[PDB]
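Accompanying notes for the structure given below.
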Amino acid sequence: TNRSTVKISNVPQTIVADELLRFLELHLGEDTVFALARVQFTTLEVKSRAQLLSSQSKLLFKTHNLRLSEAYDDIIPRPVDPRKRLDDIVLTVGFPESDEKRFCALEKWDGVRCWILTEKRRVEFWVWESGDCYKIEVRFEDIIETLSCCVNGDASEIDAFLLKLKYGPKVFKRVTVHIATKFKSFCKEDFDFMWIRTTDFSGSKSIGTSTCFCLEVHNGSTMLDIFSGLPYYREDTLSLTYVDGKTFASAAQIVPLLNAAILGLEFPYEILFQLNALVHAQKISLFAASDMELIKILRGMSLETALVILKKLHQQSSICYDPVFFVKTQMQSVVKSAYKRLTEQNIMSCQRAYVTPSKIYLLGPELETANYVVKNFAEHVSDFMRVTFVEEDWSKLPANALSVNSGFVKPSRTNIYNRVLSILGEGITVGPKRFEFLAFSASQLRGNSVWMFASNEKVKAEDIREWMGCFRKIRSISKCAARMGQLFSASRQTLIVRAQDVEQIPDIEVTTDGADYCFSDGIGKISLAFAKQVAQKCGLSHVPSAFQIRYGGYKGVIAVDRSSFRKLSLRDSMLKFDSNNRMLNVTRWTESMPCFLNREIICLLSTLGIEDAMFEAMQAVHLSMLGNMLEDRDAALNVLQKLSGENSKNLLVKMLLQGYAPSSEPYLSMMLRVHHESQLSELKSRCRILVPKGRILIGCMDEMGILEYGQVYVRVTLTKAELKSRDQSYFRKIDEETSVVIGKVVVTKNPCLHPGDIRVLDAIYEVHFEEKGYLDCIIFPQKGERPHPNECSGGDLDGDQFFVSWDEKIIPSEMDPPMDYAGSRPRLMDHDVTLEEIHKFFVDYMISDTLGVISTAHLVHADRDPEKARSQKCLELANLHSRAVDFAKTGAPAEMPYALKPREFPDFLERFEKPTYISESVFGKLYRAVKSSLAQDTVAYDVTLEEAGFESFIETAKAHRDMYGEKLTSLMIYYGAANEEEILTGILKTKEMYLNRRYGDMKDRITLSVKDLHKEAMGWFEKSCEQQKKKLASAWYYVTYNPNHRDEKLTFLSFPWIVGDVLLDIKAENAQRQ
Ligand SMILES: [Mg+2]
């Protein structure tokens, strides 16, 4: 259980490893030590002797006794069991070749060293091909099936062991250190060198192509090993014969899992995009689809039937070894909106890919939200391809994989980085279509994902870059990335603006304290008429006070000024790039966003001097709200409406506002329980402890010079809770639904890492409120020593959302001096920017450590210091986070030093695979309070007679369930695993990747949204419309099918919910008569 490694107690600084072994000779057996305050022994049997002798205190060195402390991690991972460290055995890789018994031996390796580590979920194979020792770490979770095979004749039936893998292994390499090996405080088996993640070492590239591992164990008496530790072991044995897999060798490092060029004119959009996807998903083996018989059969029939049958094949769980038989069964005995829907529903049928470190995993055409480039190029939607780089497990690609990071002396990019660069340059070659790099978005860059486009005959892969307005005369990499990503972020197209309508005004600057500072970085002003026009254009009945635009090549948030008459009044400080597209791209406007704390904000507030036990009251209110949602109607407009982003448009809001209790309708109860679990998990992970007073407002300013330094104007549309109890010491009446904050206000940005970004400004009143009309927006001052948005980390008014809360409970008494926040030098290079440069920028971001790890390092280092956030390590982490944020402007990757690495994590963070310590120091009580809170009927008549009491008896709901309920079941079988019949962006219990949740939920959300819309489209098509005999009849039929016939083989509970708006409206109308 200790892996033969025991941590030592306090030791003298002049401890000698060599003398320790000689002393250990007089203390234990001969050569019983494996590595050398931690000491690792050769066997676990002598550990008990060592542990017992430690209590006797016999060992001593230089008048300082040494004790065996609690068990820690092994110095070098070797399995305690001698028989678990198999040595000098043979490994083969391939696929079962359509028969479960013919292993396609892609490559044979002899001398493989197998280490079946049991305490840690990992299986290690060491391959010494050529002169490099390349480790193969299978990992327990990867294994989908382990089998005892019979490679030889019937004698010695258990002669080989076969491991069916799904995600593929992690391949490493050994590099010389050329440094001293002792360093006082020491292995004995020459375990030098380090593991750098590397692409497949096989020339034929078998490891990528292969989906199974067969181990040729010398003896069959290894039943003790290869057991329930190795997942999915069935006692049934199978006789395995080897074949020749030389026809599957591929020398192209790109896409090492695709077929060959043995196809005449087969359509790739319906076969190659599906057959290869099936191979990657392991529904059919590579030979099962590369055989000429299946290819010819698939070419035989039309593309629609082929796509349907291949989708049905993908719906299967286990491997379909003989797809020819399946296709014959579903074709001979077949029993037998639009592609250009981007302009109508903005949903893409993207051919997303997952380029792992040593493989390719296409996920077929999955429906997702569209974007501007494909919105225009919808004629060639099948040609686009979203390529995401992952880590052989669909998780975030570690910075250790793409770079050595930390004694290294100089960062040397690993072979995975070169593979990423080559696969970006040469491109993905899926048959006839060869996908080339086009561009990426900012969030797309965060997602480790790239957009690729193939050189089509009508449109070339280079012409799209010409159309998008990038890579023509761009001088810096940062502005090239900004231009590439500006038109990819989700934005809606407003009205077109005249070129002469925009009227530039001088940028407001102060230039004090040495560093140059600009007050209005991205603050423009709209005329009232144009503001109204863009209000209808966006879809708002009122006039928002500020709009975050992307009009032209200039990005920023532009307010509404009733005094000015200029149409747009563009700013010169908005300098991003130059473009001729004079169309406003409004992304977000000013909402009264309900406020919610983050862990970094809590840490900074506690550091500044806010009582730690004072946040616990706000979380107590939060958990009182959360615990009374499955039993009380108070959740109707308190949890779903406020804590979750659901607005009044949600069906649950309708059916709770005027409907029954949370425990009445089983569908309502299940949805509210889903929300309960989601909110509890969020609060436990991300301490979104809602502050009732205060909001996250969009940073703006008033161009009229009244507001002074330390003064802010904040107007908020009061919530219902604040409307019921208004007129406090912090609010001042302005209208029936609005009030201006008068008390102290604390302001910080969303990251809020460095202690001092917390600026407790003064909220004041201006007589010119009717002159300006600023609403739901934080008005920063125009004059002063330093711009207030610059104080909040390195923020600026480019559309930033600034934290505000008026509670004296959490307001600091004092400020800490903020950082300089020096601007990023553009560094306009003469060499222009090429595709290779932006590819290098992408790979450099791959190397750069993400903001999440820096934030969690700051949090972990902030709980064990006399000063919570003012610690020196916290300051270095804050500066490094500033550098990482500025990386989008300066091509300098952010590598976190190993000194700031979190060696052990608190219990608030569920980092189970790491040392864990209780965090009773600083806001650690929040996690355990959340844990304590967490660890504490026929309705057919009501659904039908109270809303559609007329006897419909349409009975079309049975047919709908036969096609829409079956569709929901198929959609759930595609990705879901639980009984969530109406997921609606619900968090599935299974988390294969995690680390991707938004992308993973989007696949479930978009499919559920489309299916409900498809059911609504099916419902509308089946509806004959007055809609009394059609809509009410359909609602009543759905209610009868779901609620009255729940015992039937449907188990939907949500088919009436798709049309639930009509049912709820009818119930509300008929509440008078009942
Ligand atoms: Mg910004």
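Residues in the structure tokens are named by chain (A, B, ... in the order shown) and by number from 1 within that chain; ligands are numbered from 1 in the order shown.
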Can I get the residues close to ligand 1 as a PyMOL selection string, where close means within 12 Å and we count only C-alpha atoms and all ligand atoms? chain A and resi 521-523+548+555-557+574+698-699+749-751+789-790+792-802+885-886+888-889
Write a file of the selected residues as a PDB file, in the first residue's frame, keeping C-alpha atoms.
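As written to disk, out-v7.pdb reads:
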```
ATOM      1  CA  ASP A 521      -9.858  53.202 -23.724  1.00  0.00           C
ATOM      2  CA  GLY A 522     -12.992  51.983 -25.495  1.00  0.00           C
ATOM      3  CA  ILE A 523     -15.833  54.325 -24.501  1.00  0.00           C
ATOM      4  CA  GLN A 548     -20.318  46.388 -26.743  1.00  0.00           C
ATOM      5  CA  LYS A 555     -13.693  47.102 -30.603  1.00  0.00           C
ATOM      6  CA  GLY A 556     -15.190  48.699 -27.518  1.00  0.00           C
ATOM      7  CA  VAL A 557     -18.312  49.541 -25.554  1.00  0.00           C
ATOM      8  CA  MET A 574     -10.249  51.785 -29.848  1.00  0.00           C
ATOM      9  CA  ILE A 698     -20.539  47.279 -17.650  1.00  0.00           C
ATOM     10  CA  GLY A 699     -17.756  49.818 -17.254  1.00  0.00           C
ATOM     11  CA  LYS A 749     -12.726  43.050 -12.168  1.00  0.00           C
ATOM     12  CA  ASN A 750     -13.708  39.439 -12.795  1.00  0.00           C
ATOM     13  CA  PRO A 751     -10.168  37.966 -12.347  1.00  0.00           C
ATOM     14  CA  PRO A 789     -10.862  50.733 -14.354  1.00  0.00           C
ATOM     15  CA  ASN A 790      -7.070  50.518 -14.620  1.00  0.00           C
ATOM     16  CA  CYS A 792      -8.944  46.761 -11.195  1.00  0.00           C
ATOM     17  CA  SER A 793      -6.059  44.463 -12.211  1.00  0.00           C
ATOM     18  CA  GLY A 794      -5.174  45.844 -15.664  1.00  0.00           C
ATOM     19  CA  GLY A 795      -8.730  46.400 -16.785  1.00  0.00           C
ATOM     20  CA  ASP A 796     -10.123  48.945 -19.203  1.00  0.00           C
ATOM     21  CA  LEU A 797     -13.516  50.054 -20.490  1.00  0.00           C
ATOM     22  CA  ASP A 798     -13.529  47.879 -23.604  1.00  0.00           C
ATOM     23  CA  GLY A 799     -16.718  46.112 -22.508  1.00  0.00           C
ATOM     24  CA  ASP A 800     -15.504  44.837 -19.154  1.00  0.00           C
ATOM     25  CA  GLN A 801     -17.988  43.816 -16.460  1.00  0.00           C
ATOM     26  CA  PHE A 802     -16.993  45.295 -13.095  1.00  0.00           C
ATOM     27  CA  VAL A 885      -3.552  37.871 -19.738  1.00  0.00           C
ATOM     28  CA  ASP A 886      -1.298  40.236 -21.706  1.00  0.00           C
ATOM     29  CA  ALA A 888      -2.923  37.967 -26.177  1.00  0.00           C
ATOM     30  CA  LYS A 889      -1.056  41.220 -26.905  1.00  0.00           C
TER      31      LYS A 889
END
```
What's around stretch 105-116 of chain A at 8 Å? Count only C-alpha atoms, leave out sequence neighbours fewer than 4 positions away in its own chain, and write the answer as a PyMOL selection string. chain A and resi 78-79+84-94+122-129+204+206+210+242-246+248-249
Just N, CA and C atoms for this one: save the residues we selected as a PDB file, in the first residue's frame.
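After the write, out_11.pdb holds the following:
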```
ATOM      1  N   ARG A  78       7.521   2.221  -9.011  1.00  0.00           N
ATOM      2  CA  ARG A  78       7.760   0.781  -9.307  1.00  0.00           C
ATOM      3  C   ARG A  78       6.725  -0.037  -8.536  1.00  0.00           C
ATOM      4  N   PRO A  79       6.030  -1.066  -9.107  1.00  0.00           N
ATOM      5  CA  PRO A  79       4.961  -1.758  -8.379  1.00  0.00           C
ATOM      6  C   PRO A  79       5.544  -2.560  -7.213  1.00  0.00           C
ATOM      7  N   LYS A  84       4.122  -8.202 -10.448  1.00  0.00           N
ATOM      8  CA  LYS A  84       3.464  -7.177 -11.246  1.00  0.00           C
ATOM      9  C   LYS A  84       4.425  -6.439 -12.168  1.00  0.00           C
ATOM     10  N   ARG A  85       5.735  -6.580 -11.961  1.00  0.00           N
ATOM     11  CA  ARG A  85       6.736  -5.948 -12.815  1.00  0.00           C
ATOM     12  C   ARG A  85       7.233  -6.985 -13.819  1.00  0.00           C
ATOM     13  N   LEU A  86       6.400  -7.250 -14.821  1.00  0.00           N
ATOM     14  CA  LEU A  86       6.766  -8.183 -15.876  1.00  0.00           C
ATOM     15  C   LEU A  86       7.929  -7.630 -16.689  1.00  0.00           C
ATOM     16  N   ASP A  87       8.885  -8.496 -17.011  1.00  0.00           N
ATOM     17  CA  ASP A  87      10.076  -8.091 -17.741  1.00  0.00           C
ATOM     18  C   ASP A  87      10.324  -9.036 -18.906  1.00  0.00           C
ATOM     19  N   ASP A  88      10.838  -8.478 -20.003  1.00  0.00           N
ATOM     20  CA  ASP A  88      11.243  -9.231 -21.191  1.00  0.00           C
ATOM     21  C   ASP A  88      10.070 -10.036 -21.759  1.00  0.00           C
ATOM     22  N   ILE A  89       9.052  -9.295 -22.190  1.00  0.00           N
ATOM     23  CA  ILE A  89       7.870  -9.874 -22.812  1.00  0.00           C
ATOM     24  C   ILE A  89       7.607  -9.158 -24.134  1.00  0.00           C
ATOM     25  N   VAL A  90       6.590  -9.634 -24.849  1.00  0.00           N
ATOM     26  CA  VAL A  90       6.299  -9.194 -26.209  1.00  0.00           C
ATOM     27  C   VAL A  90       4.966  -8.459 -26.227  1.00  0.00           C
ATOM     28  N   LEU A  91       4.918  -7.360 -26.978  1.00  0.00           N
ATOM     29  CA  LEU A  91       3.720  -6.550 -27.134  1.00  0.00           C
ATOM     30  C   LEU A  91       3.357  -6.436 -28.607  1.00  0.00           C
ATOM     31  N   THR A  92       2.068  -6.586 -28.905  1.00  0.00           N
ATOM     32  CA  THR A  92       1.537  -6.398 -30.247  1.00  0.00           C
ATOM     33  C   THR A  92       0.348  -5.451 -30.180  1.00  0.00           C
ATOM     34  N   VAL A  93       0.130  -4.717 -31.269  1.00  0.00           N
ATOM     35  CA  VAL A  93      -0.875  -3.663 -31.322  1.00  0.00           C
ATOM     36  C   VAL A  93      -1.663  -3.786 -32.617  1.00  0.00           C
ATOM     37  N   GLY A  94      -2.967  -3.544 -32.540  1.00  0.00           N
ATOM     38  CA  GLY A  94      -3.815  -3.622 -33.716  1.00  0.00           C
ATOM     39  C   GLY A  94      -5.282  -3.708 -33.327  1.00  0.00           C
ATOM     40  N   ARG A 122      -2.518   2.860 -13.591  1.00  0.00           N
ATOM     41  CA  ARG A 122      -1.598   3.009 -14.709  1.00  0.00           C
ATOM     42  C   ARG A 122      -0.958   1.665 -15.019  1.00  0.00           C
ATOM     43  N   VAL A 123      -0.794   1.382 -16.309  1.00  0.00           N
ATOM     44  CA  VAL A 123      -0.031   0.237 -16.791  1.00  0.00           C
ATOM     45  C   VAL A 123       1.088   0.769 -17.671  1.00  0.00           C
ATOM     46  N   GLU A 124       2.321   0.385 -17.363  1.00  0.00           N
ATOM     47  CA  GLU A 124       3.496   0.915 -18.041  1.00  0.00           C
ATOM     48  C   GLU A 124       4.127  -0.156 -18.918  1.00  0.00           C
ATOM     49  N   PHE A 125       4.324   0.169 -20.192  1.00  0.00           N
ATOM     50  CA  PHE A 125       5.100  -0.647 -21.114  1.00  0.00           C
ATOM     51  C   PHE A 125       6.308   0.156 -21.569  1.00  0.00           C
ATOM     52  N   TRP A 126       7.486  -0.452 -21.493  1.00  0.00           N
ATOM     53  CA  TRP A 126       8.734   0.193 -21.877  1.00  0.00           C
ATOM     54  C   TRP A 126       9.242  -0.457 -23.155  1.00  0.00           C
ATOM     55  N   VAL A 127       9.373   0.341 -24.212  1.00  0.00           N
ATOM     56  CA  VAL A 127       9.805  -0.133 -25.520  1.00  0.00           C
ATOM     57  C   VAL A 127      11.145   0.510 -25.840  1.00  0.00           C
ATOM     58  N   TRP A 128      12.107  -0.307 -26.258  1.00  0.00           N
ATOM     59  CA  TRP A 128      13.459   0.146 -26.562  1.00  0.00           C
ATOM     60  C   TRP A 128      13.734   0.112 -28.062  1.00  0.00           C
ATOM     61  N   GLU A 129      12.744   0.501 -28.862  1.00  0.00           N
ATOM     62  CA  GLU A 129      12.935   0.590 -30.303  1.00  0.00           C
ATOM     63  C   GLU A 129      14.029   1.599 -30.624  1.00  0.00           C
ATOM     64  N   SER A 204       5.946   2.879 -38.920  1.00  0.00           N
ATOM     65  CA  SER A 204       4.645   2.601 -39.511  1.00  0.00           C
ATOM     66  C   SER A 204       3.513   3.290 -38.766  1.00  0.00           C
ATOM     67  N   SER A 206       2.075   2.500 -35.725  1.00  0.00           N
ATOM     68  CA  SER A 206       1.138   1.484 -35.267  1.00  0.00           C
ATOM     69  C   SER A 206       0.353   1.945 -34.047  1.00  0.00           C
ATOM     70  N   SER A 210      -3.435   1.554 -33.920  1.00  0.00           N
ATOM     71  CA  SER A 210      -3.909   0.447 -33.105  1.00  0.00           C
ATOM     72  C   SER A 210      -4.976   0.892 -32.115  1.00  0.00           C
ATOM     73  N   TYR A 242      -2.691 -14.380 -35.089  1.00  0.00           N
ATOM     74  CA  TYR A 242      -2.084 -13.165 -35.610  1.00  0.00           C
ATOM     75  C   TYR A 242      -2.123 -13.160 -37.132  1.00  0.00           C
ATOM     76  N   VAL A 243      -2.265 -11.963 -37.698  1.00  0.00           N
ATOM     77  CA  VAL A 243      -2.295 -11.789 -39.146  1.00  0.00           C
ATOM     78  C   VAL A 243      -1.270 -10.733 -39.539  1.00  0.00           C
ATOM     79  N   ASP A 244      -1.227 -10.394 -40.823  1.00  0.00           N
ATOM     80  CA  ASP A 244      -0.309  -9.388 -41.342  1.00  0.00           C
ATOM     81  C   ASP A 244      -1.051  -8.064 -41.485  1.00  0.00           C
ATOM     82  N   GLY A 245      -0.531  -7.023 -40.841  1.00  0.00           N
ATOM     83  CA  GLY A 245      -1.138  -5.710 -40.915  1.00  0.00           C
ATOM     84  C   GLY A 245      -0.259  -4.694 -41.612  1.00  0.00           C
ATOM     85  N   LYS A 246       0.611  -5.169 -42.504  1.00  0.00           N
ATOM     86  CA  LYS A 246       1.491  -4.270 -43.241  1.00  0.00           C
ATOM     87  C   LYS A 246       0.726  -3.355 -44.185  1.00  0.00           C
ATOM     88  N   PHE A 248      -1.814  -1.636 -43.451  1.00  0.00           N
ATOM     89  CA  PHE A 248      -2.361  -0.524 -42.688  1.00  0.00           C
ATOM     90  C   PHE A 248      -1.296   0.451 -42.211  1.00  0.00           C
ATOM     91  N   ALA A 249      -0.033   0.221 -42.555  1.00  0.00           N
ATOM     92  CA  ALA A 249       1.030   1.131 -42.159  1.00  0.00           C
ATOM     93  C   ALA A 249       0.883   2.471 -42.867  1.00  0.00           C
TER      94      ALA A 249
END
```
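For residue A:261, the non-local neighbours within 12 Å, defined as residues at least 4 positions apart in the same chain or in other chains and counting only C-alpha atoms, are residues 247, 248, 250, 265, 266, 268, 272, 290, 292, 429, 430, 431 and 432 of chain A.
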What does the file look like for those residues with C-alpha atoms, as a PDB file, in the first residue's frame?
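Saved file again.pdb follows:
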```pdb
ATOM      1  CA  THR A 247      -1.292  -2.914 -45.476  1.00  0.00           C
ATOM      2  CA  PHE A 248      -2.361  -0.524 -42.688  1.00  0.00           C
ATOM      3  CA  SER A 250       1.026   4.902 -42.653  1.00  0.00           C
ATOM      4  CA  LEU A 265     -15.099   8.191 -56.214  1.00  0.00           C
ATOM      5  CA  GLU A 266     -16.783   7.446 -52.880  1.00  0.00           C
ATOM      6  CA  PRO A 268     -16.318  11.538 -48.327  1.00  0.00           C
ATOM      7  CA  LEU A 272     -15.131   8.832 -45.035  1.00  0.00           C
ATOM      8  CA  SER A 290     -11.235  -0.826 -45.136  1.00  0.00           C
ATOM      9  CA  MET A 292     -13.407  -3.796 -50.337  1.00  0.00           C
ATOM     10  CA  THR A 429      -5.719  15.106 -45.184  1.00  0.00           C
ATOM     11  CA  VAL A 430      -9.089  13.328 -45.013  1.00  0.00           C
ATOM     12  CA  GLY A 431      -9.223  11.799 -48.480  1.00  0.00           C
ATOM     13  CA  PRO A 432      -9.997  14.264 -51.271  1.00  0.00           C
TER      14      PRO A 432
END
```
DSSP on the backbone: what in stretch 656-885 of chain A comes out helix (DSSP H, G or I), as a PyMOL selection string? chain A and resi 656-657+666-685+720-724+769-772+788-791+835-847+851-861+872-885
Could you write out the selected residues, including C-alpha atoms, as a compact mmCIF listing (two decimals), in the first residue's frame?
```txt
# COMPACT_ATOMS: atom_id res chain seq x y z
CA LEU A 656 -43.73 27.93 -10.96
CA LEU A 657 -44.95 31.54 -11.11
CA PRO A 666 -42.75 14.92 -11.60
CA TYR A 667 -41.25 16.72 -14.60
CA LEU A 668 -41.09 19.98 -12.66
CA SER A 669 -39.63 18.19 -9.65
CA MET A 670 -36.95 16.47 -11.73
CA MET A 671 -35.96 19.72 -13.47
CA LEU A 672 -35.83 21.58 -10.15
CA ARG A 673 -33.73 18.78 -8.65
CA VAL A 674 -31.38 19.09 -11.64
CA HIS A 675 -31.09 22.82 -10.94
CA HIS A 676 -30.57 22.09 -7.24
CA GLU A 677 -27.69 19.69 -7.95
CA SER A 678 -26.17 22.06 -10.51
CA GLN A 679 -26.26 25.04 -8.15
CA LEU A 680 -24.90 23.01 -5.23
CA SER A 681 -22.02 21.72 -7.36
CA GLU A 682 -21.32 25.25 -8.61
CA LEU A 683 -21.30 26.71 -5.09
CA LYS A 684 -19.08 23.90 -3.81
CA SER A 685 -16.61 24.35 -6.68
CA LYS A 720 -38.16 42.46 -6.91
CA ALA A 721 -36.60 41.74 -3.51
CA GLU A 722 -35.13 45.25 -3.43
CA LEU A 723 -38.40 46.71 -4.73
CA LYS A 724 -40.37 45.15 -1.88
CA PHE A 769 -28.95 62.17 -14.44
CA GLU A 770 -31.77 63.35 -16.71
CA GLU A 771 -29.14 64.92 -18.99
CA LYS A 772 -27.11 61.69 -19.29
CA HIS A 788 -10.30 53.59 -11.84
CA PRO A 789 -10.86 50.73 -14.35
CA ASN A 790 -7.07 50.52 -14.62
CA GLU A 791 -6.87 49.94 -10.86
CA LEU A 835 0.69 31.79 -41.37
CA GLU A 836 3.74 30.19 -39.75
CA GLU A 837 3.88 33.09 -37.29
CA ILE A 838 0.29 32.68 -36.12
CA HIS A 839 0.82 28.91 -35.90
CA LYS A 840 3.82 29.56 -33.67
CA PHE A 841 1.64 31.95 -31.65
CA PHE A 842 -0.94 29.17 -31.20
CA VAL A 843 1.70 26.65 -30.11
CA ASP A 844 3.22 29.23 -27.75
CA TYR A 845 -0.17 29.68 -26.12
CA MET A 846 -0.29 25.89 -25.90
CA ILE A 847 2.94 26.09 -23.89
CA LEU A 851 -5.17 31.19 -16.02
CA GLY A 852 -6.92 28.47 -14.02
CA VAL A 853 -3.72 26.92 -12.67
CA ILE A 854 -2.32 30.34 -11.74
CA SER A 855 -5.57 31.26 -9.96
CA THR A 856 -5.66 27.98 -8.04
CA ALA A 857 -1.97 28.38 -7.13
CA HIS A 858 -2.74 31.85 -5.78
CA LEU A 859 -5.68 30.46 -3.79
CA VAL A 860 -3.66 27.57 -2.33
CA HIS A 861 -0.74 29.86 -1.45
CA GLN A 872 5.58 37.42 -2.02
CA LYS A 873 4.65 34.21 -3.84
CA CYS A 874 1.13 35.58 -4.28
CA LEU A 875 2.61 38.74 -5.79
CA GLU A 876 4.73 36.73 -8.24
CA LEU A 877 1.66 34.68 -9.19
CA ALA A 878 -0.35 37.88 -9.72
CA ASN A 879 2.37 39.32 -11.97
CA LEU A 880 2.55 36.05 -13.91
CA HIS A 881 -1.24 36.09 -14.33
CA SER A 882 -0.99 39.65 -15.63
CA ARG A 883 1.62 38.43 -18.11
CA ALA A 884 -0.62 35.52 -19.14
CA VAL A 885 -3.55 37.87 -19.74
```
Residue neighbourhood stretch 22-36 of chain A, 12 Å, only C-alpha atoms, exclusion window fewer than 5 positions, as a VMD selection string: chain A and resid 3 to 8 15 to 17 41 to 54 56 to 61 74 to 80 181 to 192
Identify, on the basis of only C-alpha atoms, every residue whose closest approach to residue A:605 does not exceed 9 Å; exclude the query and any residue fewer than 6 positions from it along the same chain; express the result as a PyMOL selection string. chain A and resi 611-612+755+758+810-812
Keeping N, CA, C and O atoms for every residue in the selection just given, could you write it to a file as a PDB file, in the first residue's frame?
```
ATOM      1  N   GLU A 611     -13.855  40.084   7.787  1.00  0.00           N
ATOM      2  CA  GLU A 611     -13.924  38.920   8.662  1.00  0.00           C
ATOM      3  C   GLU A 611     -14.196  37.657   7.858  1.00  0.00           C
ATOM      4  O   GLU A 611     -15.083  37.631   6.999  1.00  0.00           O
ATOM      5  N   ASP A 612     -13.420  36.608   8.137  1.00  0.00           N
ATOM      6  CA  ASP A 612     -13.594  35.347   7.424  1.00  0.00           C
ATOM      7  C   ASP A 612     -14.963  34.742   7.701  1.00  0.00           C
ATOM      8  O   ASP A 612     -15.618  34.223   6.790  1.00  0.00           O
ATOM      9  N   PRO A 755      -3.902  41.670  -4.680  1.00  0.00           N
ATOM     10  CA  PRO A 755      -4.489  42.491  -3.614  1.00  0.00           C
ATOM     11  C   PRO A 755      -4.240  43.968  -3.878  1.00  0.00           C
ATOM     12  O   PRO A 755      -3.097  44.421  -3.949  1.00  0.00           O
ATOM     13  N   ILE A 758      -9.075  45.679  -5.564  1.00  0.00           N
ATOM     14  CA  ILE A 758     -10.282  46.003  -4.820  1.00  0.00           C
ATOM     15  C   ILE A 758     -10.254  47.488  -4.493  1.00  0.00           C
ATOM     16  O   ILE A 758      -9.512  47.927  -3.606  1.00  0.00           O
ATOM     17  N   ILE A 810     -18.848  43.397   3.557  1.00  0.00           N
ATOM     18  CA  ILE A 810     -17.679  42.928   2.827  1.00  0.00           C
ATOM     19  C   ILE A 810     -16.816  44.061   2.292  1.00  0.00           C
ATOM     20  O   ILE A 810     -15.827  43.789   1.609  1.00  0.00           O
ATOM     21  N   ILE A 811     -17.167  45.316   2.559  1.00  0.00           N
ATOM     22  CA  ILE A 811     -16.413  46.472   2.068  1.00  0.00           C
ATOM     23  C   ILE A 811     -15.131  46.653   2.874  1.00  0.00           C
ATOM     24  O   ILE A 811     -15.188  46.774   4.107  1.00  0.00           O
ATOM     25  N   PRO A 812     -13.963  46.657   2.233  1.00  0.00           N
ATOM     26  CA  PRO A 812     -12.719  46.896   2.966  1.00  0.00           C
ATOM     27  C   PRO A 812     -12.715  48.250   3.656  1.00  0.00           C
ATOM     28  O   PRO A 812     -13.327  49.216   3.193  1.00  0.00           O
TER      29      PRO A 812
END
```
Which one is closest to residue A:945: A:1026, A:1058, A:1036, A:826? Count only C-alpha atoms.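 Of A:1026, A:1058, A:1036, A:826, the one nearest residue A:945, counting only C-alpha atoms, is A:1036.
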Just want the 9 Å neighbourhood of residue A:608, counted on only C-alpha atoms, with same-chain residues fewer than 4 positions away dropped. Output as an MDAnalysis selection string. chainID A and resid 603:604 755:756 758 812:816 868:869
Taking N, CA and C atoms for each residue, export the selection above as a compact mmCIF listing (two decimals), in the first residue's frame.
```txt
# COMPACT_ATOMS: atom_id res chain seq x y z
N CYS A 603 -10.88 35.78 -1.53
CA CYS A 603 -9.53 35.79 -0.99
C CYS A 603 -9.02 37.22 -0.79
N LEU A 604 -9.23 38.08 -1.79
CA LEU A 604 -8.75 39.45 -1.67
C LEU A 604 -9.51 40.21 -0.59
N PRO A 755 -3.90 41.67 -4.68
CA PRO A 755 -4.49 42.49 -3.61
C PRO A 755 -4.24 43.97 -3.88
N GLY A 756 -5.33 44.72 -4.01
CA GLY A 756 -5.27 46.12 -4.37
C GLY A 756 -6.15 46.49 -5.54
N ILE A 758 -9.07 45.68 -5.56
CA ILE A 758 -10.28 46.00 -4.82
C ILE A 758 -10.25 47.49 -4.49
N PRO A 812 -13.96 46.66 2.23
CA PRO A 812 -12.72 46.90 2.97
C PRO A 812 -12.71 48.25 3.66
N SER A 813 -12.00 48.31 4.78
CA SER A 813 -11.74 49.59 5.42
C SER A 813 -10.65 50.37 4.70
N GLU A 814 -9.69 49.68 4.08
CA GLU A 814 -8.54 50.31 3.45
C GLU A 814 -8.29 49.69 2.08
N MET A 815 -7.57 50.44 1.25
CA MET A 815 -7.15 49.99 -0.07
C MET A 815 -5.68 49.58 -0.03
N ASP A 816 -5.32 48.64 -0.89
CA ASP A 816 -3.88 48.45 -1.07
C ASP A 816 -3.43 49.12 -2.36
N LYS A 868 -2.78 37.05 3.76
CA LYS A 868 -3.48 36.13 2.87
C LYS A 868 -3.06 36.32 1.42
N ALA A 869 -3.12 37.55 0.92
CA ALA A 869 -2.80 37.82 -0.47
C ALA A 869 -1.55 38.66 -0.67
```
Selection: 6 Å around residue A:570, only C-alpha atoms, excl. self and same-chain fewer than 4 positions, as a list in words: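 Non-adjacent residues within range: residues 502, 503, 504 and 524 of chain A.
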